[PDB]
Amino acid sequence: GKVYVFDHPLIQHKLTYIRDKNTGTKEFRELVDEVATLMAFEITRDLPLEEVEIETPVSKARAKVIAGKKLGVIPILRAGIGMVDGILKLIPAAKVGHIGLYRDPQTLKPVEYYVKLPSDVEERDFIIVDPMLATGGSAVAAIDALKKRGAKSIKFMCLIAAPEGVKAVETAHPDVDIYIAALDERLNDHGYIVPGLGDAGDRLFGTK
């Protein structure tokens, strides 16, 4: 599918401090939440409009309201929770589901481990969120997880992504669009995005 880069100068600005190694855990946490809300605005620019008829204190009028559709925000444990409340600010109605993944010794990919979703799965559109899209491993497992439960609308959103990871998602799931804030250049032997921002989880929780 297509990848959308959100280049708003405010996102770009906050992203810079998010990357800087000197930004402590508290600022990091707060900055990600902010960039999360900002991207939520850009992404929801799609929401279908239906027009009703209201009546202001002056006269009647033809206004518009949001189409009426169910939304689902699903963070990938653990660094994923860092971007939920930010999105929930704009869409308080959206339901929140979580997904855990485990990794085995001699394997090349993560695997579904813990899944909790809202019961109306078949109906609502979902947005899987995770700060980093590296090898695409965790993202793919997560989407496979959702498709298996029958959600037919899946979008992925992250701050920073690596080419390989984007390709991994394209290949495995061409029907899923990707929303990123920046596309870095590559991965290193340990799987970190370069230049990236280090370990999202540690920077967020300030703990292991």
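In case it trips you up, residue 1 is the first one in the sequence shown, and so on.
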**Asked** Per the entry, where is the mean C-alpha temperature factor higher: 24 to 32 or 150 to 158?
**Response** 150 to 158
**Stretch exceeding the other in mean C-alpha B-factor - 135 to 143, 46 to 54** = 46 to 54
**Complete:** Assert third(CA B-factor, residue 121) within chain per record equals highest
**Request:** Determine, from the deposited record, the chain-internal third of the Cα B-factor for residue 206: lowest, middle or highest.
**Result:** middle
**Asked** Among the modelled residues of its chain, does the C-alpha B-factor of residue 100 lie in the lowest, middle or highest third?
**Response** middle
**Request:** Sort the modelled residues of this chain by their C-alpha B factor and say whether residue 185 lands in the lowest, middle or highest third.
**Result:** highest
**Asked** Among the chain's modelled residues, which third holds the C-alpha B-factor of residue 109?
**Response** highest
